[PDB]
């Protein structure tokens, strides 16, 4: 339910907020261990040939959990609803990803479902995304926002990260960022990616949250 913790304001363009210690270590491990045997390489069906091929855009492995999948996930899902102030009926289920060994997600918008996403196709417009880091990544793996106002600088950031505002994955933290402005218009500043993971293993769980109930 209701969560009490440190929020770091990252940006107004796009609106981005870092929720410190949003998940416990135990919850992070639970999701990773539940997801692990289910992970498959990110793939899309190539239109021309009509064949399944590895995505060149999201090169992680991936899976999904249904909203309300089980009790432990359900609890987190209610917490996500509380901090975003948007009811559960508008939330997709968890998208779990694992990147390592150079794997990335090229910058894109979360405005709509993408064929690369594991799980069902949900029509509808996302307003907000929550990205929950399930592991701490030693090198690379930053979530980068290239159209943000203030780029990150200095040693300790991957070259990819220095192309925008960037967030280092730290176990238990969650990045909340808005794809739409408060008036429902698109925010082009919400372009975001996952910089290649260079050392370690990046596990993340994404919650995509719509302006209106999913389906139903």
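Residue numbers count along the first chain shown, from 1.
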query	finding
Higher-scoring stretch by recorded Cα B factor average, 69-77 or 85-93	69-77
Third assignment of residue 207 from its chain's C-alpha B-factors	middle
For residue 152, the third of its chain into which the C-alpha B factor falls	highest
Residue 23, C-alpha B-factor rank within chain (lowest, middle or highest third)	middle
Residue 123 - which third its CA temperature factor falls in, relative to the rest of the chain	highest
Third of the chain, ranked by Cα B-factor, where residue 172 sits	lowest
